[PDB]
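Here, each number is a calculation from the coordinates, and none is a lab measurement. Every residue, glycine as well, gets a Cβ built from its backbone with ideal geometry; the counts of neighbours run over all protein chains shown.
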Amino acid sequence: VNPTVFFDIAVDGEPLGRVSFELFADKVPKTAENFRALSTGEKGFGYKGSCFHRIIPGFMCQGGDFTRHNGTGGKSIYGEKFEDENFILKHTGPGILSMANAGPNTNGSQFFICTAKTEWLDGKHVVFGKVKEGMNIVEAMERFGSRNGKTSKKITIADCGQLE
Amino acid sequence: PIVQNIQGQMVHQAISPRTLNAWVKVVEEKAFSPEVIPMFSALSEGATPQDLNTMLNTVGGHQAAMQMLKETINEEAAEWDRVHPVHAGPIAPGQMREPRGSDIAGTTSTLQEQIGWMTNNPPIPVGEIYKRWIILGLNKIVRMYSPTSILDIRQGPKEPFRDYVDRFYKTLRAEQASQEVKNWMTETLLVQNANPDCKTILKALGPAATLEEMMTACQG
Amino acid sequence: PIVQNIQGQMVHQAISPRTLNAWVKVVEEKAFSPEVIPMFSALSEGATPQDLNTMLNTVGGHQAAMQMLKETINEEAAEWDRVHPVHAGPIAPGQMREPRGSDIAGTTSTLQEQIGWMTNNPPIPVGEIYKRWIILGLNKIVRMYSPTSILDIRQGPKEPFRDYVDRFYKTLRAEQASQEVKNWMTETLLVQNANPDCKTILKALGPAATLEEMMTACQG
Amino acid sequence: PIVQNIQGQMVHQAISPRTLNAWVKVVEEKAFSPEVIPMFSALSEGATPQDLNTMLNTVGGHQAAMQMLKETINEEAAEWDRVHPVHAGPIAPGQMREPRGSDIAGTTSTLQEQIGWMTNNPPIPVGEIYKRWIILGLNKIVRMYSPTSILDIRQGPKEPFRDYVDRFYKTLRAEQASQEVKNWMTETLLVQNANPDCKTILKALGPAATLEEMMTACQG
Amino acid sequence: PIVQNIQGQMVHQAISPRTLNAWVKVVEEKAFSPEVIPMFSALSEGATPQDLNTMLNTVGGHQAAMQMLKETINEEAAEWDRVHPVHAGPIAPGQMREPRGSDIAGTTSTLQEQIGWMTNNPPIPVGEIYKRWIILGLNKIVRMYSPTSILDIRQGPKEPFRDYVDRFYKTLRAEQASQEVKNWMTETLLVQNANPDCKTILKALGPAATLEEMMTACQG
Amino acid sequence: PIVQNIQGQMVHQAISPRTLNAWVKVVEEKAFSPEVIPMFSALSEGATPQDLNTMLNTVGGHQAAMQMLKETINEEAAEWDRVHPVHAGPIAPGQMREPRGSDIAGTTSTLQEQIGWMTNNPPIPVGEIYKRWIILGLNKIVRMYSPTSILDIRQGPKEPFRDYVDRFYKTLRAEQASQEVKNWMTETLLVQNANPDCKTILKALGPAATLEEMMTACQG
């Protein structure tokens, strides 16, 4: 019933590990379909070969800008941006997958994986999934980031797709 | 157009002459009216860019409309190339190079490459993109063919209310300025331009009146 | 529309162009007759809401009737939402999607969601519900297109009983009422409005006589 | 109206007389014009429902407009009661019960309850809700006090273009049917009703013309 | 009045000269309109009976109205003293004695007793009762001041509907009947006294007549 | 507008009604003249964008000028967006996000966000930027409201030099041009358009004569 997608992560081309995500399509369906479809690449464009452009140790890893590769772009499967579906789920801990945005109703394709409990984000970013397998791969990724987000090595989504 | 097999996979299939004949006949007989876009979208479901270029080049006559459609497709392809630059260098073995705007149009690419794009993993919907572009062009064309403007509608003393509302909604569907503007127009301009007798019969029902009672009032 | 595919697994098959051409032709040739409802119900058996939207968009002309149809579909969706709101209850162990008034009308529901709602076990009758709505709308349209009231049907001085009863039953079928009202009307109105020459003949047969007896009586 | 202190907390404050005097003077001197709503929204920032009932009851004259506003507030209060139903069962220790549709207006509640509602944790914005309702009522009032419709605008042969566009935009801001429909009107109706000479001078610049060049064309 | 210090005791404060200046200005310029009562209740908020006596004595002229107001205050004080026994004898410290009617009027006491009664626990508000009595008196005055009755309003042949409803609602605001009788008259006599043309217009409007609908119907 | 509050902590203070009344009066009598831009800049020192929106909404009449101002504000916002791109992403807990092109105009930016952008260290000059935009708009409007051009200013036969130079400098200040062009414009136009006798009187003084000597030449 709820889809599961994976990401095979790479640090400058060396394979690092697989993170897999359960998308809560039963509560945030339109948000979960957009991440699912961008992971499969079935609509022609997507996450494969994009990188995490902003990694802040102890906060979150952000990625998903496949058009401009630096947080200023990305687009959804419904157009460039769409509404905040709802705020049922909250940022309860590491592994929560939440939507990045540029204020309300500006969701595109950027997402962030929390590596800590970030309750201040509640009510401001739609949560739509959580890490299933691979959280120590997300944790190891932190080491390649910095206080301001700049990463030291290129961290890419080498491959991604749907598992179930 | 691609068609699925018994085991679920799909492979290219030659375009049926019946589809081309029906498309040309409906274009000739029904000219360029609002009801060509649904039939066009229904006729060429899953059609390759070559099939769409066929269905467009095969339309004899109305060459100005076809030139408008070609210009619209050209502008859309230029915008697509500007928003999605293609990479250079060697291409990965498991991936085929991404198409450019002129190649999304299907003008400078072979049919086998279109089939490979459409049946790739993950599939690339070049046919759907070019169909969206053609549908936008056809919307602009049916906008151009619109005979009269929406504001110039005024019912004659003898023209029945049925013909009046028919003409009104015809040019309204041909306008396609927006949806909420259309909703405001069908509230205001519809009742603003009635014949005085039936006009006051409609005003007797107030603005809360619906179209059914609006018509059966002036009926009989 | 989806169809049972060998073996036992329903897969989506897009609407065939020949079906759309048949629908356009029957709407062009027969306008809006009482019989179209059965032809529409038989041309779109088990159709996804997208197919019915395509078949309602491919119509040419009669935009007023299509507007009444769309408005009645909206009203049925509104009433459906009112009759089927989510009341608090313990969550079901198994979750199945759910069709909204807008999810049933095929407006905001993607084709995959409708295929899911149809092929899932237990199935959600979205197609039959939308067909009931469109059939109610078509009944409204065909009852509006009636040229004259059933009460005005009267036989000419030399108009044969054949054409008289044909036109009378045609207008009665186009007319809308309960079955008992029709049972009373066929006994109170048919014999009275007949031509006196054959009216005496029908009166000589009896009040509760059947149609064939009167028809062979005034035959010739 | 509540006011913040040095420590940061807020407490009720008696309404200042030269606010009531200014409101009564602007209501009488300017009567009803689109620029009474911004003045009202600026005068009563943070005012309790009692203060708004004061500012409304204090308006002598134009009692029909005040009754329209009362009726609009009445209907709005009923909708709020219908949309949210009070929950049953035990109430949390850190929370206490909410107001009703009629008590949002402050008709059947004392001032201390309004202050407790406005400075609760979390605060409940009854003042802002009632201000929104009053602003909607004032919008309907200034709609009624519009002296013409948007379509009847036709510039006279001698009436300058400046006065024409002033009247147009005045009755357009007084229309407030929508925002995108306003955007379509300012493109079509503005260019469609000019005097023939200046009309064709504006047509010389095409639809891409902006308002500045639109006026400096007919200028001089 | 009694200003509540921010995080502190409710310190007493003498009435500012601005309040009395505005009060004498409005009572001089506007005579005795229905709205003056709201403005009087607005200017004097949380004021001691000494403040209200100062606000009433400063009124210059219209001494008959002042004598009627004093007679009404005396009647209310007599009723209060009749339906409330007054205790006497030694009184426990820290607890003020029973407020008498002539004392609740402030004519037989100083500011200290009023401040004590408005600061006791539980509070005994003398201001909200003396202001109620003054409002009853001002209501009698404004009823006496009305030039024409409500039952004798008739619309002129040329006088439009707006002026007629203005005069009608002004006289209704000046009326003395209960609220249910007020609703009855504003429901019936409004349309029952209009000019015959718009009378028939509003009769065609039928039941559920609402003021904005009435004024939109009688346009032109 | 925010103001330095004792001690050293800026807190939000809502716009005072007296300032709004002064603005309405200066836009009622002065209307649109060169002096309004300086008056506006002084009445709105350090104002949040909400205060400037309130001051621009309260203007009654002159809707064409307000629409020009709104359109120029939109144009400046688009140019600011094209020059200062805003990157999307989660904000830092300590610092605020970079305001977009529409966050300056107070359209989609809440009052708290503006207060943050102003009181933060380093401060974001949203108020001064919006003031520069409104000042550009007001310059456009006051250069439009000019009745005649500076080239058309000519002295009457007996019209004294005082009124001529006053009107000429007033029109020159209302006109829009670089100061460097004005330096040639004055020395080319002031003496030439004067009366012939005063023309020779000023030419006797010399070409580079100052304004005071030129004045005292034809004094009386």
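Residue pairs exceeding 20 angstrom between C-alpha atoms, taken from E:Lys170/E:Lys203; B:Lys203/D:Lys182; D:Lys131/E:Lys131; E:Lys25/F:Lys30; E:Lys30/E:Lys140; A:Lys81/F:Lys70: E:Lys170/E:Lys203; B:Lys203/D:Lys182; D:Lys131/E:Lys131; E:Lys25/F:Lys30; A:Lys81/F:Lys70. Scaled against 2.2 N^0.38 Å for its residue count N, the alpha carbon radius of gyration of the protein assembly as shown is 1.17. For a straight C-alpha distance cut-off of 12 angstrom, the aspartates and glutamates reachable from A:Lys75 (same-chain residues fewer than eight places away being disregarded) are A:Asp65. Per-residue ellipticity at 222 nm computed for the protein assembly as shown from its helices equals -15500 deg cm²/dmol, with DSSP H segments shorter than 4 residues left out and the rest contributing -39,500 (n - 2.57).
The chymotrypsin sites (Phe, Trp or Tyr not before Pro) found in region A:42-93 that occupy coil by DSSP, while having at most 15 further C-beta atoms within 10 Å, are A:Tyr78, A:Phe87. Mean partner shielding of peptide A:43-53, defined as the number of other chain Cβ atoms within 10 Å of each residue Cβ, is 3. Name the shape class, rounded, prolate or oblate, that the alpha-carbon gyration tensor gives for region C:40-105, where a ≥ b ≥ c are the square roots of its eigenvalues, rounded holds for a/c under 1.5, and otherwise prolate holds if a/b is larger than b/c and oblate otherwise. In terms of gyration-tensor shape, oblate. Label-point distances for D:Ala31 to the equivalent site in the other copies, using a point 7 angstrom along Cα→C-beta, read 2.0, 2.2, 5.1, 5.4 nm when ranked shortest first. Take the alpha carbon gyration tensor of chain B, find the square roots of its eigenvalues, order them as a ≥ b ≥ c, and report rounded if a/c is under 1.5; if not, report prolate when a/b exceeds b/c, else oblate. Here chain B falls in the prolate category. Neighbouring Cβ atoms from other chains, within 10 Å of the Cβ of residues in B:207-215, number 2 on average.
Summing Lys and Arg as +1 and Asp and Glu as -1 over all other residues whose Cβ lies under 10 Å from the Cβ of F:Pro1 gives a net charge of -2.
Relative to the other identical copies, F:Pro125 shows label-point distances of 3.1, 4.9, 5.2, 7.1 nm, where the label point lies 7 Å from Cα along the Cβ direction and values run shortest first. For the peptides A:154-164, A:138-148, F:198-208, the ranking by mean Cβ contacts within 10 Å, running from highest to lowest, is A:154-164, A:138-148, F:198-208. Rounded is the label for chain A, because the ratio a/c of its alpha-carbon gyration tensor axes (a ≥ b ≥ c) stays below 1.5. Comparing E:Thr148, E:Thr210, E:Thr110 in a Gaussian network model of chain E (Cα springs below 10 Å), the most mobile by mean-square fluctuation is E:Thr210. Peptide F:62-68 is shielded by partner chain Cβ atoms: per residue, an average of 6 of them sit within 10 Å of its Cβ. Using a Gaussian network model of chain A in which every pair of alpha carbons under 10 angstrom is joined by a spring, one finds that among A:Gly108, A:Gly49, A:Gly64 the greatest mean-square fluctuation is at A:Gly49.
Among D:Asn139, D:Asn53, D:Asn193, which one shows the highest mean-square fluctuation when chain D is modelled as a Gaussian network with alpha-carbon springs under 10 Å? Its mean-square fluctuation being the largest, the pick is D:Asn193.
Between F:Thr119, B:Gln50, A:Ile55, the Cα set farthest toward the positive side of the dipole of the protein assembly as shown (charges on each charged residue's Cβ, about the Cα centre) is that of B:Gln50.
Placing +1 on the Cβ of every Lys and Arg and -1 on the Cβ of every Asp and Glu, with no other charges, gives the protein assembly as shown a dipole of roughly 1020 debye about its Cα centre. Within the shell defined by Cβ-Cβ distances under 11 Å, the residues around C:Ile135 carry a net charge of +1, with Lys and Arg each +1 and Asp and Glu each -1.
If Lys and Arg each add +1 and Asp and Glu each add -1, what is the summed charge of the other residues whose beta carbon sits under 14 Å from the beta carbon of D:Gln63? My count for the surroundings of D:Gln63 gives -1.
Each label was represented as a point 7 Å from its Cα along the Cα-to-Cβ direction; for C:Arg97 and B:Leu111 these points are 3.5 nm apart.
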